[PDB]
Amino acid sequence: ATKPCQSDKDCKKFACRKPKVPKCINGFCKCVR
């Protein structure tokens, strides 16, 4: 299960309260659905 992360290669699986998809890009991290 790969979530679109800045560098998914070296990004580590993390989950959050809904919205449950934490997209980290350009140092920014927040949760979308």
# chains A, B, ... in the order shown; residues from 1 in each chain; ligands from 1
>>> residues_around(residues="residue 33 in chain A", least_positions_apart="6", cutoff="12 Å", atoms="only C-alpha atoms", output="PyMOL selection string")
chain A and resi 3+15-23
>>> residues_around(residues="residue 26 in chain A", least_positions_apart="3", cutoff="12 Å", atoms="only C-alpha atoms", output="list in words")
residues 5, 6, 7, 23, 29 and 30 of chain A
>>> select_by_dssp(residues="chain A", states="strand (DSSP E or B)", output="ChimeraX atom specification")
/A:21-25,28-32
